[PDB]
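Notes to accompany the following structure.
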Amino acid sequence: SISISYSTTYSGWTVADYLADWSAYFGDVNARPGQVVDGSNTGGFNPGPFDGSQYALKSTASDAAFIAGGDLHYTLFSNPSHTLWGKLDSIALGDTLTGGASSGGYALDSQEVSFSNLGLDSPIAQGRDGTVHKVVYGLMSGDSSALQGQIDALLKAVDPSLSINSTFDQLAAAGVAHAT
Amino acid sequence: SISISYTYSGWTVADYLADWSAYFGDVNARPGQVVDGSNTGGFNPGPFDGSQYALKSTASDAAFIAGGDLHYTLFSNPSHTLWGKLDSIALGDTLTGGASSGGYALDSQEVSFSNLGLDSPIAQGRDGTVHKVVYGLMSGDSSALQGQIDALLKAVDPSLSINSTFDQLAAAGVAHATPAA
Ligand code: HEM
Ligand code: HEM
């Protein structure tokens, strides 16, 4: 079962509303006026250089960031070239990357929403057509549409009445979300 | 002006760069050689900017260091442009070290093209000169590199070219010697 944690800041928001906000902020700091862009520029694979238990990336337009967690691998120039594949267990979205290999992994300074126990598994054989690829490739430019479709399918698997249009409080009522 | 360093006394610039891109193209090019290279790569300290950009090869270990103030734009317009201060193209064979060591350095530094004065703005994009240099060398193609060296040693000496011996440039006060091991 997908498990979701969300800050109380978004208690009344739909999933699809929050992802639109995070994507807007990724594209433009002025989507959240008041914020300074000063996150120490880190990110990459942990441990890397091309495989890890996490892949993390922060916008350069803002300190919006994401952390993909699982068992991930990237092919570079090897056939299926430029494919991200493996197991995608979770996607955490928020503000500013901290940590890295030497602290036990990347974390977010402000973790806003986190989607976990995802069970996504894409094999190398599907190349860049794989789901894990599409999800994390979208997020690298702040495009949360591939992630959004996947959160939808997984919620409907828990309950065909839950969707990216359910608010986090409703998902919490459903036993799927947990407020933080 | 330019400064090179160099086993490579009789070689021309076009000669050494023909062999390296060959060994970068595959390990077949330098028979005897094997590959154990601890699979590095990246910006120092990165993710997308650094004082060095080291990149090992996949087929062999022929590998280059880019030295200076370098930047990669990713999705920032102009997208997927590497630009910045390209002050040296090291060109050794193995690309050891790291960011958390003191900088990248090849264990067998072969030829350091060392003061190139290449400086490209971001506004130029993929048409910039520092891009076409470093991206060429991403895959072996050292044509763009050689062209900029050709126009650089010609300001010091018009009769001198890239098809000239390595000692010819060192005897004129442009390069010195770095041994073998
Ligand atoms: C983290 C370290 C990474 C490095 C060093 C890297 C490097 C590169 C380079 C150098 C290219 C252009 C190569 C060329 O066309 O000559 C490229 C292309 C590409 N990369 Fe990566 N990449 C990385 C991570 C990723 C990740 C995580 C993804 C996907 C989630 C990704 C997806 C792609 C895609 C889709 C292309 C386009 C290839 C094409 O259009 O032919 N990259 N990458
Ligand atoms: C350092 C980490 C890097 C990452 C994460 C990365 C990632 C990517 C990605 C995701 C794409 C495809 C974007 C898309 O499909 O719309 C791409 C394309 C590209 N990358 Fe990068 N890259 C990296 C390093 C480099 C470097 C060092 C160079 C050049 C020296 C480079 C050159 C290119 C080029 C030229 C393209 C476009 C090729 C084309 O459109 O035909 N990349 N890269």
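In the structure tokens, the first chain shown is A, the next is B, and so on; residue numbers restart at 1 for each chain, and ligands run from 1 in the order shown.
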Chain B contacts to chain A at 9 Å (only C-alpha atoms) as an NGL selection string: :B and (39-42 or 45-48 or 58 or 74-76)
Strand (DSSP E) residues, from DSSP on the backbone, in chain B, as an NGL selection string: :B and (4-5 or 42-45 or 49-55 or 64-72 or 82-90 or 96-98 or 103-105 or 118-120 or 175-176)
I need the chosen residues saved as a compact mmCIF listing (two decimals), in the first residue's frame, with N, CA and C atoms.
```txt
# COMPACT_ATOMS: atom_id res chain seq x y z
N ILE B 4 52.09 24.08 -23.08
CA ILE B 4 51.89 22.65 -23.10
C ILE B 4 52.91 22.01 -22.17
N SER B 5 52.77 20.71 -21.93
CA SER B 5 53.75 19.95 -21.18
C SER B 5 53.71 18.51 -21.68
N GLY B 42 32.40 13.30 -13.24
CA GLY B 42 31.60 14.30 -12.56
C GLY B 42 32.28 15.66 -12.49
N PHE B 43 31.59 16.59 -11.84
CA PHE B 43 32.14 17.90 -11.52
C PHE B 43 32.77 17.85 -10.13
N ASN B 44 33.81 18.63 -9.94
CA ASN B 44 34.37 18.81 -8.61
C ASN B 44 34.06 20.22 -8.14
N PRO B 45 33.15 20.43 -7.17
CA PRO B 45 32.36 19.45 -6.39
C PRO B 45 30.93 19.15 -6.88
N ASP B 49 28.42 22.38 -11.34
CA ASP B 49 29.51 23.32 -11.56
C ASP B 49 30.74 22.81 -10.83
N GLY B 50 31.91 23.24 -11.28
CA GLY B 50 33.07 22.91 -10.49
C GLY B 50 34.34 23.51 -11.05
N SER B 51 35.39 23.42 -10.23
CA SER B 51 36.72 23.80 -10.69
C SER B 51 37.32 22.76 -11.62
N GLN B 52 36.85 21.52 -11.56
CA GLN B 52 37.28 20.48 -12.48
C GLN B 52 36.08 19.66 -12.94
N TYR B 53 36.20 19.12 -14.15
CA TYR B 53 35.23 18.16 -14.70
C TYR B 53 36.03 16.99 -15.26
N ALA B 54 36.13 15.92 -14.48
CA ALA B 54 36.81 14.69 -14.87
C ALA B 54 35.81 13.68 -15.44
N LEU B 55 36.22 12.95 -16.47
CA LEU B 55 35.34 11.96 -17.10
C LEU B 55 36.15 10.76 -17.57
N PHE B 64 40.10 12.75 -19.50
CA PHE B 64 40.55 14.13 -19.49
C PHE B 64 40.04 14.86 -18.25
N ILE B 65 40.82 15.87 -17.84
CA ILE B 65 40.43 16.82 -16.80
C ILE B 65 40.22 18.17 -17.46
N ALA B 66 39.10 18.81 -17.15
CA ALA B 66 38.88 20.20 -17.55
C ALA B 66 39.07 21.08 -16.32
N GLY B 67 39.94 22.07 -16.43
CA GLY B 67 40.36 22.88 -15.29
C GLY B 67 39.99 24.34 -15.47
N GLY B 68 39.42 24.93 -14.42
CA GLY B 68 39.01 26.32 -14.46
C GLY B 68 37.76 26.57 -13.65
N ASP B 69 36.80 27.29 -14.25
CA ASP B 69 35.53 27.67 -13.63
C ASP B 69 34.44 27.21 -14.60
N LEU B 70 33.88 26.03 -14.38
CA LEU B 70 33.00 25.42 -15.38
C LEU B 70 31.57 25.29 -14.86
N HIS B 71 30.63 25.29 -15.80
CA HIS B 71 29.21 25.33 -15.49
C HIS B 71 28.48 24.51 -16.53
N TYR B 72 27.42 23.84 -16.08
CA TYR B 72 26.53 23.10 -16.96
C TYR B 72 25.12 23.58 -16.64
N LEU B 82 27.51 23.40 -21.60
CA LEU B 82 28.62 23.54 -20.67
C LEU B 82 29.42 24.76 -21.12
N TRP B 83 29.74 25.63 -20.17
CA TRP B 83 30.38 26.91 -20.46
C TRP B 83 31.25 27.30 -19.28
N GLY B 84 32.01 28.38 -19.45
CA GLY B 84 32.77 28.90 -18.33
C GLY B 84 34.22 29.21 -18.66
N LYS B 85 35.08 29.11 -17.65
CA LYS B 85 36.50 29.34 -17.82
C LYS B 85 37.16 27.99 -18.03
N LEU B 86 37.62 27.73 -19.26
CA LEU B 86 38.39 26.54 -19.58
C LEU B 86 39.85 26.95 -19.70
N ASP B 87 40.59 26.80 -18.61
CA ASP B 87 41.96 27.28 -18.58
C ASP B 87 42.97 26.18 -18.89
N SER B 88 42.59 24.92 -18.75
CA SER B 88 43.49 23.82 -19.08
C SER B 88 42.68 22.60 -19.51
N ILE B 89 43.23 21.84 -20.45
CA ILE B 89 42.74 20.50 -20.76
C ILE B 89 43.88 19.55 -20.44
N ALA B 90 43.85 18.96 -19.25
CA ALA B 90 44.71 17.82 -18.98
C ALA B 90 44.22 16.64 -19.80
N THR B 96 42.61 9.76 -11.57
CA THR B 96 42.48 9.40 -10.17
C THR B 96 42.13 10.61 -9.32
N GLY B 97 42.06 10.39 -8.01
CA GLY B 97 41.82 11.45 -7.06
C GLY B 97 40.34 11.69 -6.82
N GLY B 98 39.99 12.93 -6.56
CA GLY B 98 38.60 13.26 -6.34
C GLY B 98 38.45 14.69 -5.88
N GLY B 103 41.40 17.71 -5.47
CA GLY B 103 41.24 17.93 -6.89
C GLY B 103 41.48 16.67 -7.70
N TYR B 104 41.01 16.66 -8.94
CA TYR B 104 41.27 15.53 -9.82
C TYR B 104 42.67 15.64 -10.41
N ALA B 105 43.28 14.48 -10.65
CA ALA B 105 44.61 14.43 -11.23
C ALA B 105 44.83 13.04 -11.81
N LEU B 118 40.43 30.09 -22.99
CA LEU B 118 39.09 29.90 -23.51
C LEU B 118 38.09 30.33 -22.45
N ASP B 119 37.16 31.21 -22.83
CA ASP B 119 36.19 31.77 -21.90
C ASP B 119 34.91 32.04 -22.68
N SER B 120 33.87 31.26 -22.40
CA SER B 120 32.64 31.40 -23.16
C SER B 120 31.48 31.79 -22.25
N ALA B 175 56.65 24.97 -23.92
CA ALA B 175 56.38 23.78 -23.14
C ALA B 175 57.65 23.34 -22.43
N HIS B 176 57.47 22.54 -21.39
CA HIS B 176 58.58 21.88 -20.72
C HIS B 176 58.30 20.38 -20.69
```
Protein and nucleic acid residues within 6 Å of ligand 1 (only C-alpha atoms and all ligand atoms) as a list in words: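 With only C-alpha atoms and all ligand atoms and a cut-off of 6 Å, ligand 1 is contacted by residues 44, 82, 84, 133, 136 and 137 of chain A.
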Only C-alpha atoms, please: the residues just picked out, written as a JSON list (two decimals), in the first residue's frame.
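result_23.json, written as the output of this step:
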```json
[["chain", "number", "residue", "atom", "x", "y", "z"],
["A", 44, "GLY", "CA", 23.15, 13.42, -7.25],
["A", 82, "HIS", "CA", 20.46, 7.17, -20.36],
["A", 84, "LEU", "CA", 17.11, 5.36, -14.88],
["A", 133, "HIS", "CA", 12.48, 6.62, -15.55],
["A", 136, "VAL", "CA", 12.20, 10.85, -11.95],
["A", 137, "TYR", "CA", 13.01, 12.31, -15.38]]
```
Test item: residues at most 12 Å from region 148-161 of chain B, only C-alpha atoms, excluding those fewer than 6 positions along its chain, as JSON, numbers by chain: {"B": [1, 2, 3, 4, 12, 13, 14, 17, 86, 88, 89, 112, 113, 114, 115, 116, 117, 118, 119, 129, 130, 132, 133, 134, 142, 167, 168, 169, 170, 171, 172, 173, 174, 175]}
Given only C-alpha atoms and all ligand atoms as the counted atoms, nearest of B:123, B:162, B:177, B:137 to ligand 2: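 That would be B:137, the residue with the smallest distance to ligand 2.
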Distance in Å - CA of residue 69 (chain A) versus CA of residue 6 (chain A):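 Between CA of residue 69 (chain A) and CA of residue 6 (chain A) the gap works out to 16.9 Å.
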Which residue of A:32, A:178, A:156, A:128 approaches ligand 2 most closely, using only C-alpha atoms and all ligand atoms: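 Among A:32, A:178, A:156, A:128, it is A:128 that comes nearest to ligand 2.
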Backbone DSSP call of helix (DSSP H, G or I) for region 12-172 of chain B, listed as a ChimeraX atom specification: /B:13-25,27-29,122-127,129-139,143-156,166-171
Atomic separation - CA of residue 110 (chain B) relative to CA of residue 19 (chain B), Å: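 Interatomic distance here is 11.5 Å.
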Contact residues around residue 40 (chain A) with only C-alpha atoms at 8 Å, ignoring same-chain residues under 5 positions, as an MDAnalysis selection string: chainID A and resid 96:98
Those residues with N, CA, C and O atoms, as a PDB file, in the first residue's frame please?
```
ATOM      1  N   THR A  96      14.922  22.449   0.035  1.00  0.00           N
ATOM      2  CA  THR A  96      16.363  22.457   0.326  1.00  0.00           C
ATOM      3  C   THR A  96      16.902  21.077   0.671  1.00  0.00           C
ATOM      4  O   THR A  96      16.393  20.402   1.575  1.00  0.00           O
ATOM      5  N   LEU A  97      17.924  20.646  -0.069  1.00  0.00           N
ATOM      6  CA  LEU A  97      18.597  19.371   0.181  1.00  0.00           C
ATOM      7  C   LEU A  97      19.682  19.573   1.223  1.00  0.00           C
ATOM      8  O   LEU A  97      20.427  20.562   1.187  1.00  0.00           O
ATOM      9  N   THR A  98      19.753  18.646   2.162  1.00  0.00           N
ATOM     10  CA  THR A  98      20.835  18.615   3.129  1.00  0.00           C
ATOM     11  C   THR A  98      21.398  17.206   3.138  1.00  0.00           C
ATOM     12  O   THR A  98      20.831  16.284   2.535  1.00  0.00           O
TER      13      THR A  98
END
```
Who sits within 8 Å of residue 67 (chain A), only C-alpha atoms, same chain under 6 positions skipped, as a ChimeraX atom specification: /A:54-57,90-93,106-108
Take the selection from the previous step and output its residues with N, CA and C atoms, as a JSON list (two decimals), in the first residue's frame.
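File written: again-v1.json
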```json
[["chain", "number", "residue", "atom", "x", "y", "z"],
["A", 54, "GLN", "N", 19.46, 6.46, -3.19],
["A", 54, "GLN", "CA", 18.72, 7.70, -3.43],
["A", 54, "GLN", "C", 19.25, 8.40, -4.66],
["A", 55, "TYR", "N", 18.36, 9.13, -5.35],
["A", 55, "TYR", "CA", 18.76, 10.16, -6.29],
["A", 55, "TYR", "C", 18.09, 11.48, -5.88],
["A", 56, "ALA", "N", 18.87, 12.53, -5.71],
["A", 56, "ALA", "CA", 18.33, 13.80, -5.24],
["A", 56, "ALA", "C", 18.72, 14.93, -6.18],
["A", 57, "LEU", "N", 17.82, 15.90, -6.29],
["A", 57, "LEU", "CA", 18.03, 17.03, -7.17],
["A", 57, "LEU", "C", 17.23, 18.23, -6.63],
["A", 90, "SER", "N", 10.13, 5.39, -2.92],
["A", 90, "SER", "CA", 9.54, 6.60, -2.37],
["A", 90, "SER", "C", 10.01, 7.85, -3.12],
["A", 91, "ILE", "N", 9.21, 8.90, -2.98],
["A", 91, "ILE", "CA", 9.49, 10.21, -3.55],
["A", 91, "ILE", "C", 9.12, 11.23, -2.49],
["A", 92, "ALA", "N", 10.10, 11.95, -1.96],
["A", 92, "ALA", "CA", 9.85, 12.99, -0.98],
["A", 92, "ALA", "C", 10.02, 14.34, -1.65],
["A", 93, "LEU", "N", 9.05, 15.25, -1.46],
["A", 93, "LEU", "CA", 9.12, 16.59, -2.04],
["A", 93, "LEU", "C", 9.19, 17.65, -0.96],
["A", 106, "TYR", "N", 20.73, 11.84, 1.69],
["A", 106, "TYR", "CA", 20.10, 13.15, 1.54],
["A", 106, "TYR", "C", 18.82, 13.22, 2.37],
["A", 107, "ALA", "N", 18.54, 14.41, 2.87],
["A", 107, "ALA", "CA", 17.28, 14.71, 3.51],
["A", 107, "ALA", "C", 16.84, 16.09, 3.03],
["A", 108, "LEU", "N", 15.59, 16.42, 3.26],
["A", 108, "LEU", "CA", 15.10, 17.75, 2.96],
["A", 108, "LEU", "C", 15.12, 18.58, 4.23]]
```
